[PDB]
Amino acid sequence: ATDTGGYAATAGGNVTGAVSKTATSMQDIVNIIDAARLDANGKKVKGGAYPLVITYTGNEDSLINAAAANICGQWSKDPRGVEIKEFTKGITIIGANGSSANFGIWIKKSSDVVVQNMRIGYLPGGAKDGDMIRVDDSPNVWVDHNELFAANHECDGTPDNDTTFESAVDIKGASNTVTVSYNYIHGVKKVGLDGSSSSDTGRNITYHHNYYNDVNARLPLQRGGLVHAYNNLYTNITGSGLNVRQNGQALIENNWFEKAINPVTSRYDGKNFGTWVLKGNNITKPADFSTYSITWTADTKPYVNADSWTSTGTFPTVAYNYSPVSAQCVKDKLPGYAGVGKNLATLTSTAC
């Protein structure tokens, strides 16, 4: 099936003729993809020779645990990541239960890529683009059921005072359709952008069933296009949540917000504010701010906060088929479906 519950329509490497391989380390993954580019005669095939399903059984807890004990020593180390560049035959990277990685997955100019059940945390190289997951010029990508974490903290003396750790899921370029679902993102200062600059506007992204906890900002930092965020659990947001910019449009439905500062805003540009359609969230009116500990702040430049909690624009017909659960149900159940080791389980109404 190609249904991801969002804009991305892909099965990744789970197609006809897929070759399954087991990777026990980051290097194995690199070698497997390289080999996957060669045809029967040893010649390279543009976009890849065959579809792949790579099961990653490696474990780097030692690296992660060492890093967690010395947070400020990570930004200056070499970044570590597997680059999936120009591979379009279809590929899925599934972590085995118990597997872990102290390296990121960088997708560049590829298509039909699915990343699931990977536990990635405390990556080194925040000063040199050490992102956990990067989707660049890559349409039909599905980032599902992963645990992305670090420390929601900024060490002193880091270059730009923003490089202690890099992003969890940055999306940029022509990654026209992307679905980010069932991820447990925690302890991340900059979760992920949707457009790397003011000119990098566009794309149709869906964020559904994600559990965010102790994050500072960018859920996402949207530049143009459309974003459909539904059934996400937003708790302990220390800076700002969805920042809808450059005239982007967002449909924010049936989510649960709690202990969040500026959960829905449009700030930092001073102009071209985006719009949002609010519906079915735990917060229905301003009276609820106090109940769920939702605070608001101003910005030095013109900005717009959803402090009136009203829709400020419209949203096109949601192309795909999805069935949202209630905000209460996500609050109650989501933590047991999002993340690694949940066997890619989905939250249905029957479980509410």
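All residue numbers refer to positions in the sequence shown, first residue = 1.
### Stretch with the higher entry mean CA B-factor, where the candidates are 135-143 and 95-103
According to the PDB entry, the answer is 95-103.
Of the two stretches 254-262 and 117-125, which shows the higher Cα B-factor on average in the entry? Comparing 254-262 with 117-125, the higher mean C-alpha B-factor belongs to 254-262.
Check the PDB entry and point out which of 318, 63, 304, 30 has the largest C-alpha temperature factor. Spelled out: the listed residue with the top C-alpha B-factor is 318.
*asked:* Maximum C-alpha temperature factor per the entry, among 41, 312, 55, 297, belongs to which one?
replied: Each of 41, 312, 55, 297 was compared by C-alpha B-factor; the highest is 41.
Comparing residue 83 with the other modelled residues of its chain, is its CA B-factor in the lowest, middle or highest third?
Middle third, going by the recorded CA B-factors of the chain.
task: Would you mind checking where the Cα B-factor of residue 204 ranks among the modelled residues of its chain, as the lowest, middle or highest third?
output: Within its chain, residue 204 is a lowest-third residue by C-alpha B-factor, going by the deposited values.
Q. Ranked by Cα temperature factor within the chain, is residue 198 in the lowest third, the middle third or the highest third?
A. Highest third - that is where residue 198 ends up once the chain's C-alpha B-factors are sorted.
Open item on the list: What third of the chain does residue 77 rank in for C-alpha temperature factor, lowest, middle or highest?
Closed with: For residue 77, the deposited C-alpha B-factor lands in the middle third.
For residue 183, does the deposited CA B-factor place it in the lowest, middle or highest third of the chain?
Answer is lowest: the recorded C-alpha B-factor places it there.
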